[PDB]
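To be precise, the following lines are structure.cif, and they hold mmCIF, C-alpha atoms and all ligand atoms; chains and numbers go by the auth columns.
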```cif
data_start
#
loop_
_atom_site.group_PDB
_atom_site.id
_atom_site.type_symbol
_atom_site.label_atom_id
_atom_site.label_comp_id
_atom_site.label_asym_id
_atom_site.label_seq_id
_atom_site.Cartn_x
_atom_site.Cartn_y
_atom_site.Cartn_z
_atom_site.B_iso_or_equiv
_atom_site.auth_seq_id
_atom_site.auth_asym_id
ATOM 1 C CA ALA A 1 178.860 -57.417 33.592 0.00 1 A
ATOM 2 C CA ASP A 2 176.175 -56.970 30.926 0.00 2 A
ATOM 3 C CA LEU A 3 175.811 -59.154 27.815 0.00 3 A
ATOM 4 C CA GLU A 4 174.648 -56.263 25.653 0.00 4 A
ATOM 5 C CA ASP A 5 177.875 -54.536 26.774 0.00 5 A
ATOM 6 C CA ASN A 6 179.802 -57.768 26.113 0.00 6 A
ATOM 7 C CA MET A 7 178.411 -57.925 22.603 0.00 7 A
ATOM 8 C CA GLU A 8 179.198 -54.330 21.698 0.00 8 A
ATOM 9 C CA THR A 9 182.612 -54.901 23.282 0.00 9 A
ATOM 10 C CA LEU A 10 183.337 -58.033 21.252 0.00 10 A
ATOM 11 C CA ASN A 11 182.459 -56.133 18.070 0.00 11 A
ATOM 12 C CA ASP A 12 184.550 -53.057 19.040 0.00 12 A
ATOM 13 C CA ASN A 13 187.555 -55.307 19.485 0.00 13 A
ATOM 14 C CA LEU A 14 186.814 -57.365 16.335 0.00 14 A
ATOM 15 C CA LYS A 15 186.811 -54.107 14.386 0.00 15 A
ATOM 16 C CA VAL A 16 190.144 -53.034 15.909 0.00 16 A
ATOM 17 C CA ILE A 17 191.642 -56.486 15.131 0.00 17 A
ATOM 18 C CA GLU A 18 190.642 -56.361 11.449 0.00 18 A
ATOM 19 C CA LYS A 19 192.080 -52.823 11.306 0.00 19 A
ATOM 20 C CA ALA A 20 195.062 -53.502 13.526 0.00 20 A
ATOM 21 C CA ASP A 21 198.626 -52.609 12.718 0.00 21 A
ATOM 22 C CA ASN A 22 200.735 -53.847 15.669 0.00 22 A
ATOM 23 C CA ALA A 23 200.984 -57.245 17.328 0.00 23 A
ATOM 24 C CA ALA A 24 200.392 -55.600 20.718 0.00 24 A
ATOM 25 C CA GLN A 25 197.188 -53.905 19.470 0.00 25 A
ATOM 26 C CA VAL A 26 195.693 -57.127 18.061 0.00 26 A
ATOM 27 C CA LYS A 27 196.750 -58.944 21.177 0.00 27 A
ATOM 28 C CA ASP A 28 195.176 -56.463 23.603 0.00 28 A
ATOM 29 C CA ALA A 29 192.001 -56.309 21.512 0.00 29 A
ATOM 30 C CA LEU A 30 191.789 -60.125 21.718 0.00 30 A
ATOM 31 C CA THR A 31 192.264 -59.887 25.467 0.00 31 A
ATOM 32 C CA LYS A 32 189.393 -57.420 25.738 0.00 32 A
ATOM 33 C CA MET A 33 186.999 -59.584 23.722 0.00 33 A
ATOM 34 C CA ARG A 34 188.249 -62.480 25.870 0.00 34 A
ATOM 35 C CA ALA A 35 187.226 -60.679 29.071 0.00 35 A
ATOM 36 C CA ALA A 36 183.872 -59.654 27.568 0.00 36 A
ATOM 37 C CA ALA A 37 183.246 -63.218 26.219 0.00 37 A
ATOM 38 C CA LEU A 38 184.103 -64.558 29.703 0.00 38 A
ATOM 39 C CA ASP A 39 181.537 -62.223 31.247 0.00 39 A
ATOM 40 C CA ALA A 40 179.127 -63.192 28.424 0.00 40 A
ATOM 41 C CA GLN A 41 179.467 -66.769 29.842 0.00 41 A
ATOM 42 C CA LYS A 42 177.561 -65.835 33.036 0.00 42 A
ATOM 43 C CA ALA A 43 175.395 -63.033 31.714 0.00 43 A
ATOM 44 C CA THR A 44 171.727 -63.876 31.011 0.00 44 A
ATOM 45 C CA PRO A 45 170.647 -63.481 27.382 0.00 45 A
ATOM 46 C CA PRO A 46 166.924 -62.994 26.831 0.00 46 A
ATOM 47 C CA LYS A 47 167.263 -65.462 23.928 0.00 47 A
ATOM 48 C CA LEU A 48 168.359 -68.263 26.305 0.00 48 A
ATOM 49 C CA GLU A 49 166.909 -66.759 29.438 0.00 49 A
ATOM 50 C CA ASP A 50 164.568 -69.500 30.631 0.00 50 A
ATOM 51 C CA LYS A 51 166.355 -72.709 29.618 0.00 51 A
ATOM 52 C CA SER A 52 166.331 -75.485 32.190 0.00 52 A
ATOM 53 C CA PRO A 53 169.210 -75.661 34.710 0.00 53 A
ATOM 54 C CA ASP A 54 170.237 -79.220 33.739 0.00 54 A
ATOM 55 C CA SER A 55 169.822 -78.949 29.966 0.00 55 A
ATOM 56 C CA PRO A 56 171.584 -79.296 26.577 0.00 56 A
ATOM 57 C CA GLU A 57 171.145 -75.517 26.011 0.00 57 A
ATOM 58 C CA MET A 58 172.944 -73.916 28.983 0.00 58 A
ATOM 59 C CA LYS A 59 176.111 -75.890 28.195 0.00 59 A
ATOM 60 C CA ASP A 60 175.769 -75.360 24.437 0.00 60 A
ATOM 61 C CA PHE A 61 175.137 -71.617 24.979 0.00 61 A
ATOM 62 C CA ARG A 62 178.452 -70.875 26.597 0.00 62 A
ATOM 63 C CA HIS A 63 180.066 -73.109 23.965 0.00 63 A
ATOM 64 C CA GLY A 64 179.527 -70.178 21.546 0.00 64 A
ATOM 65 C CA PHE A 65 181.896 -68.076 23.684 0.00 65 A
ATOM 66 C CA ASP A 66 183.992 -71.132 24.592 0.00 66 A
ATOM 67 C CA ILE A 67 185.042 -71.728 20.974 0.00 67 A
ATOM 68 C CA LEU A 68 185.919 -68.049 20.895 0.00 68 A
ATOM 69 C CA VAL A 69 187.924 -68.220 24.159 0.00 69 A
ATOM 70 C CA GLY A 70 189.925 -71.201 22.810 0.00 70 A
ATOM 71 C CA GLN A 71 190.576 -69.586 19.417 0.00 71 A
ATOM 72 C CA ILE A 72 191.599 -66.435 21.341 0.00 72 A
ATOM 73 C CA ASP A 73 194.196 -68.497 23.241 0.00 73 A
ATOM 74 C CA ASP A 74 195.789 -69.614 19.963 0.00 74 A
ATOM 75 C CA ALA A 75 195.424 -66.121 18.415 0.00 75 A
ATOM 76 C CA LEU A 76 197.245 -64.683 21.489 0.00 76 A
ATOM 77 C CA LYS A 77 200.087 -67.150 20.864 0.00 77 A
ATOM 78 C CA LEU A 78 200.222 -66.209 17.170 0.00 78 A
ATOM 79 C CA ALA A 79 200.138 -62.442 17.782 0.00 79 A
ATOM 80 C CA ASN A 80 202.925 -62.851 20.381 0.00 80 A
ATOM 81 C CA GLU A 81 205.035 -64.710 17.765 0.00 81 A
ATOM 82 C CA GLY A 82 204.649 -61.514 15.676 0.00 82 A
ATOM 83 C CA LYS A 83 201.966 -63.126 13.470 0.00 83 A
ATOM 84 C CA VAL A 84 199.870 -59.989 13.228 0.00 84 A
ATOM 85 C CA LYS A 85 198.560 -61.496 10.002 0.00 85 A
ATOM 86 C CA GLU A 86 197.560 -64.889 11.347 0.00 86 A
ATOM 87 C CA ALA A 87 196.036 -63.093 14.349 0.00 87 A
ATOM 88 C CA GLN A 88 193.817 -61.137 11.904 0.00 88 A
ATOM 89 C CA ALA A 89 193.094 -64.349 9.964 0.00 89 A
ATOM 90 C CA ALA A 90 191.990 -65.974 13.221 0.00 90 A
ATOM 91 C CA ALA A 91 189.462 -63.115 13.512 0.00 91 A
ATOM 92 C CA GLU A 92 187.665 -64.842 10.598 0.00 92 A
ATOM 93 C CA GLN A 93 187.195 -67.911 12.833 0.00 93 A
ATOM 94 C CA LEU A 94 185.905 -65.976 15.879 0.00 94 A
ATOM 95 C CA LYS A 95 183.725 -64.021 13.416 0.00 95 A
ATOM 96 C CA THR A 96 182.489 -67.228 11.799 0.00 96 A
ATOM 97 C CA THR A 97 181.326 -68.335 15.237 0.00 97 A
ATOM 98 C CA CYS A 98 179.878 -64.801 15.815 0.00 98 A
ATOM 99 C CA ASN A 99 177.577 -65.368 12.873 0.00 99 A
ATOM 100 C CA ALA A 100 177.104 -69.154 13.236 0.00 100 A
ATOM 101 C CA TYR A 101 175.823 -68.840 16.773 0.00 101 A
ATOM 102 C CA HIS A 102 174.043 -65.529 15.839 0.00 102 A
ATOM 103 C CA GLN A 103 172.054 -67.409 13.126 0.00 103 A
ATOM 104 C CA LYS A 104 169.980 -69.053 15.943 0.00 104 A
ATOM 105 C CA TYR A 105 171.312 -67.766 19.326 0.00 105 A
ATOM 106 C CA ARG A 106 170.869 -64.067 18.571 0.00 106 A
HETATM 107 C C1 LIG B . 181.677 -62.875 17.785 0.00 201 B
HETATM 108 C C2 LIG B . 182.920 -62.674 18.627 0.00 201 B
HETATM 109 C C3 LIG B . 180.510 -62.021 18.206 0.00 201 B
HETATM 110 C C4 LIG B . 180.295 -60.676 17.990 0.00 201 B
HETATM 111 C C5 LIG B . 181.256 -59.674 17.408 0.00 201 B
HETATM 112 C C6 LIG B . 178.975 -60.373 18.483 0.00 201 B
HETATM 113 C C7 LIG B . 178.387 -59.107 18.445 0.00 201 B
HETATM 114 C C8 LIG B . 177.098 -58.863 18.916 0.00 201 B
HETATM 115 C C9 LIG B . 176.403 -57.600 18.820 0.00 201 B
HETATM 116 C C10 LIG B . 176.995 -56.307 18.315 0.00 201 B
HETATM 117 C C11 LIG B . 175.141 -57.793 19.343 0.00 201 B
HETATM 118 C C12 LIG B . 173.975 -56.833 19.360 0.00 201 B
HETATM 119 C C13 LIG B . 173.385 -56.518 20.748 0.00 201 B
HETATM 120 C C14 LIG B . 171.886 -56.789 20.781 0.00 201 B
HETATM 121 O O1 LIG B . 171.216 -56.452 19.781 0.00 201 B
HETATM 122 O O2 LIG B . 171.450 -57.373 21.791 0.00 201 B
HETATM 123 C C15 LIG B . 175.086 -59.145 19.836 0.00 201 B
HETATM 124 C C16 LIG B . 174.007 -59.663 20.534 0.00 201 B
HETATM 125 C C17 LIG B . 173.958 -60.942 21.066 0.00 201 B
HETATM 126 N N1 LIG B . 174.864 -61.946 20.943 0.00 201 B
HETATM 127 FE FE1 LIG B . 176.698 -61.723 19.940 0.00 201 B
HETATM 128 N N2 LIG B . 178.460 -61.530 18.995 0.00 201 B
HETATM 129 C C18 LIG B . 179.362 -62.526 18.894 0.00 201 B
HETATM 130 C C19 LIG B . 179.273 -63.824 19.348 0.00 201 B
HETATM 131 C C20 LIG B . 178.197 -64.338 20.010 0.00 201 B
HETATM 132 C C21 LIG B . 178.136 -65.714 20.394 0.00 201 B
HETATM 133 C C22 LIG B . 179.235 -66.711 20.136 0.00 201 B
HETATM 134 C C23 LIG B . 176.926 -65.872 21.021 0.00 201 B
HETATM 135 C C24 LIG B . 176.368 -67.183 21.528 0.00 201 B
HETATM 136 C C25 LIG B . 176.883 -67.751 22.638 0.00 201 B
HETATM 137 C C26 LIG B . 176.244 -64.598 21.045 0.00 201 B
HETATM 138 C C27 LIG B . 174.994 -64.349 21.609 0.00 201 B
HETATM 139 C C28 LIG B . 174.397 -63.083 21.559 0.00 201 B
HETATM 140 C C29 LIG B . 173.126 -62.742 22.161 0.00 201 B
HETATM 141 C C30 LIG B . 172.233 -63.645 22.967 0.00 201 B
HETATM 142 C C31 LIG B . 172.851 -61.432 21.840 0.00 201 B
HETATM 143 C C32 LIG B . 171.601 -60.657 22.196 0.00 201 B
HETATM 144 C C33 LIG B . 171.680 -60.001 23.572 0.00 201 B
HETATM 145 C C34 LIG B . 170.324 -59.528 24.078 0.00 201 B
HETATM 146 O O3 LIG B . 170.322 -58.866 25.137 0.00 201 B
HETATM 147 O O4 LIG B . 169.311 -59.907 23.452 0.00 201 B
HETATM 148 N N3 LIG B . 177.067 -63.708 20.399 0.00 201 B
HETATM 149 N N4 LIG B . 176.258 -59.745 19.529 0.00 201 B
#
```
Rewrite the structure of this file - the entire thing - as structure tokens.
Ligand code: HEB
Amino acid sequence: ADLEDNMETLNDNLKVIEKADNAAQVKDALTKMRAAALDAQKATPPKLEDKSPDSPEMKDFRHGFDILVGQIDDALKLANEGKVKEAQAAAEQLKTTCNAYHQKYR
């Protein structure tokens, strides 16, 4: 697993989701960013490389992907209900966390 790979992968999928056409395509794209965000959880970013083992940064780090993983769970549900549209609208939330974390964390 590599975080730089995870990051390109989340963006590849986020692009597909915004552009998506079918429920199944949004859904699978969300699954792929879910797998990459999961691997992101145990990758080592250079930006939070050297934080302490017992600190308010290692937990808060993964929370960036954790928000995403939870919103993905809902967005899976929605896409499966045939809400292609609400699954794309949820991409604004994952994307808001992309940038919100990225304003300090990347
Ligand atoms: C939201 C789902 C999200 C997206 C789409 C995203 C995309 C990227 C891209 C394309 C990069 C560039 C790769 C690089 O220059 O290193 C990138 C880098 C990093 N990201 Fe993210 N990111 C998203 C979401 C998050 C969340 C949430 C993060 C915080 C937990 C987060 C962190 C990082 C980090 C640390 C990097 C830099 C990696 C490095 O090796 O320096 N990203 N992201």
Exercise for the section: Check which residues fall inside 7 Å of ligand LIG 201 (chain B) when counting only C-alpha atoms and all ligand atoms, and print them as a PyMOL selection string. Expected result: chain A and resi 3-4+7-8+10-11+14+45-48+61-65+68+94-95+97-99+101-102+105-106
Fill in the blank from the handout: Here CA of residue 38 (chain A) and CA of residue 76 (chain A) stand apart by 15.5 Å
Exercise for the section: Can you work out which one of A:9, A:25, A:103, A:88 has the shortest atom-to-atom distance to residue 71 (chain A), counting all atoms listed in the file? Expected result: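 For residue 71 (chain A), the nearest of the given residues is A:88.
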Handout entry: Pick from A:41, A:73, A:32, A:87 nearest to residue 59 (chain A), counting only C-alpha atoms
Key =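 Closest to residue 59 (chain A) of all the choices is A:41.
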Problem - Shortest interatomic distance to residue 91 (chain A) - which of A:40, A:51, A:6, A:75, counting all atoms listed in the file - result: A:75
Problem - CA of residue 70 (chain A) to CA of residue 18 (chain A), distance in Å rounded to a single decimal - result: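 Distance reported for this atom pair: 18.7 Å.
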Exercise for the section: Tell me which of A:52, A:13, A:80, A:93 sits closest to residue 34 (chain A), counting only C-alpha atoms. Expected result: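 Looking at the shortest contact to residue 34 (chain A), the residue is A:13.
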Exercise for the section: Run the PyMOL selection byres (((chain A and resi 24) around 10) and not hetatm) against the file shown and list the residues it catches, as a list in words. Expected result: residues 20, 21, 22, 23, 25, 26, 27, 28, 29, 30, 76, 79, 80, 82 and 84 of chain A
Exercise for the section: Between CA of residue 50 (chain A) and CA of residue 2 (chain A), measure the distance and give it in Å to one decimal. Expected result: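 Calculated distance between CA of residue 50 (chain A) and CA of residue 2 (chain A) is 17.1 Å.
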Fill in the blank from the handout: Counting all atoms listed in the file, the residue among A:39, A:54, A:72, A:100 that lies closest to residue 17 (chain A) is A:72
Handout entry: Selected residue, from A:12, A:44, A:19, A:35, that lies nearest to residue 89 (chain A) when counting all atoms listed in the file
Key =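 Distance minimum relative to residue 89 (chain A) lands on A:19.
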Place N, CA and C atoms on region 35-56 of chain A and deliver the coordinates as a compact mmCIF listing (two decimals), in the frame of the given file.
```
# COMPACT_ATOMS: atom_id res chain seq x y z
N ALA A 35 187.84 -61.06 27.82
CA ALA A 35 187.23 -60.68 29.07
C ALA A 35 185.72 -60.51 28.88
N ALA A 36 185.29 -59.82 27.82
CA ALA A 36 183.87 -59.65 27.57
C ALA A 36 183.19 -60.98 27.25
N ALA A 37 183.80 -61.89 26.48
CA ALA A 37 183.25 -63.22 26.22
C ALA A 37 183.17 -64.07 27.49
N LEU A 38 184.13 -63.89 28.41
CA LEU A 38 184.10 -64.56 29.70
C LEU A 38 182.90 -64.06 30.48
N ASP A 39 182.66 -62.75 30.49
CA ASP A 39 181.54 -62.22 31.25
C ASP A 39 180.23 -62.63 30.57
N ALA A 40 180.25 -62.75 29.23
CA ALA A 40 179.13 -63.19 28.42
C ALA A 40 178.68 -64.58 28.91
N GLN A 41 179.64 -65.40 29.38
CA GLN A 41 179.47 -66.77 29.84
C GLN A 41 178.50 -66.87 31.02
N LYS A 42 178.42 -65.83 31.86
CA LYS A 42 177.56 -65.83 33.04
C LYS A 42 176.54 -64.70 33.01
N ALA A 43 176.49 -63.95 31.91
CA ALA A 43 175.40 -63.03 31.71
C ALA A 43 174.14 -63.86 31.40
N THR A 44 172.98 -63.21 31.31
CA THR A 44 171.73 -63.88 31.01
C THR A 44 171.16 -63.27 29.74
N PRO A 45 171.28 -63.94 28.59
CA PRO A 45 170.65 -63.48 27.38
C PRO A 45 169.16 -63.73 27.44
N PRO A 46 168.36 -62.82 26.86
CA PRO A 46 166.92 -62.99 26.83
C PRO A 46 166.57 -64.17 25.91
N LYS A 47 167.45 -64.44 24.94
CA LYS A 47 167.26 -65.46 23.93
C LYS A 47 167.40 -66.87 24.50
N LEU A 48 168.21 -67.03 25.55
CA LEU A 48 168.36 -68.26 26.30
C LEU A 48 168.23 -67.83 27.76
N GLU A 49 167.11 -67.21 28.08
CA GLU A 49 166.91 -66.76 29.44
C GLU A 49 166.49 -67.97 30.26
N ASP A 50 165.35 -68.54 29.87
CA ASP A 50 164.57 -69.50 30.63
C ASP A 50 164.89 -70.96 30.32
N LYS A 51 166.07 -71.28 29.76
CA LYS A 51 166.36 -72.71 29.62
C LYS A 51 166.52 -73.35 30.99
N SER A 52 166.18 -74.63 31.03
CA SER A 52 166.33 -75.48 32.19
C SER A 52 167.77 -75.48 32.72
N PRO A 53 167.93 -75.71 34.02
CA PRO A 53 169.21 -75.66 34.71
C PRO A 53 170.12 -76.84 34.35
N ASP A 54 169.54 -77.95 33.90
CA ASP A 54 170.24 -79.22 33.74
C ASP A 54 170.11 -79.67 32.28
N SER A 55 170.21 -78.71 31.35
CA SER A 55 169.82 -78.95 29.97
C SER A 55 170.93 -78.77 28.93
N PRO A 56 170.70 -79.34 27.74
CA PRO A 56 171.58 -79.30 26.58
C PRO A 56 171.56 -77.93 25.87
```
